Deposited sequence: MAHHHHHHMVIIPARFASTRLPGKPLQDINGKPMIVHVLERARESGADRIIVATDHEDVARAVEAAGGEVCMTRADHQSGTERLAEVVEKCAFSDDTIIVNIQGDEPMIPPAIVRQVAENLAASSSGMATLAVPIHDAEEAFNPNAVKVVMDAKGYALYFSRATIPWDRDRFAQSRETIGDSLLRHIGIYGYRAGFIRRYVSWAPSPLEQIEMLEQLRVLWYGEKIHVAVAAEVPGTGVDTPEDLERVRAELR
């Protein structure tokens, strides 16, 4: 009972593009509507010929889709990146269900980290959550910091490290509020736009994959 939007993308994996792969996974998730948001004709000519719906509209594209297709501000929206074609549809359904069952707002996904290099890789985003699973913070720094383990060791990690995956959930009308809100300074230092949501007081629920 949700809609999935893919902001895209061109690669050959067994005679099929990559965006159509993402489209098939979104189909298998069981979404009522699937829309591919793009401003390029290359993505269109592929998805349209693949039977996928396209909307012609920097993550604000989905916001336009909320009003280009005139979606109710209670509908559940799932943003899958166009460059994750091997994503299982089970976690795509998860993100929607976790948003619907939480206090609503915005939702995202995390996986456990088990490689120390990953834990100390700034390109790998870590997230810390409260007891209810709501995101306390996103960061490129190694959080939560393990004082005893990391006191002098950069090769041993515990079980408290989570990597944030760029699949998101929304309640439609709040995507308009994302674009409406001014760019925070925190999202510019960390280069993580989702921190804006935490800057402005709204909370994010996190699903463990």
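Not built in the structure, per the record, are deposited positions 1 to 6, 15 to 24, 74 to 79, 232 to 253.
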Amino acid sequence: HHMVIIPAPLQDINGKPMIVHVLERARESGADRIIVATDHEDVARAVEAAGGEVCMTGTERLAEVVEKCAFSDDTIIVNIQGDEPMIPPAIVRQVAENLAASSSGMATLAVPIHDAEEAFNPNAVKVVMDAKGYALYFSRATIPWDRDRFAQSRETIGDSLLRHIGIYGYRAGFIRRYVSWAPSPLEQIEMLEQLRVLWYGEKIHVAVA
From here on, numbers count along this sequence of modelled residues.
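Look at the C-alpha B-factors of 106 to 114 and of 84 to 92. On average they run higher in 84 to 92. Relative to its counterpart among 141 to 149 and 37 to 45, 37 to 45 has the higher mean temperature factor, C-alpha atoms as listed in the PDB entry. Of the candidates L62, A26, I165, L161, the one whose C-alpha carries the top B factor in the deposited record is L62. The deposited CA B-factor of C55 belongs to the highest third of values across its chain. In this PDB entry, the Cα temperature factor of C69 sits in the top third of its chain's modelled residues, the highest group.
The PDB entry assigns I157 a C-alpha temperature factor belonging to the lowest third of its chain's modelled residues.
Remark: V22 belongs to the middle third of its chain, ranked by C-alpha B-factor as recorded. When the CA B factors of the chain's modelled residues are split into thirds, the value for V208 lands in the lowest one.
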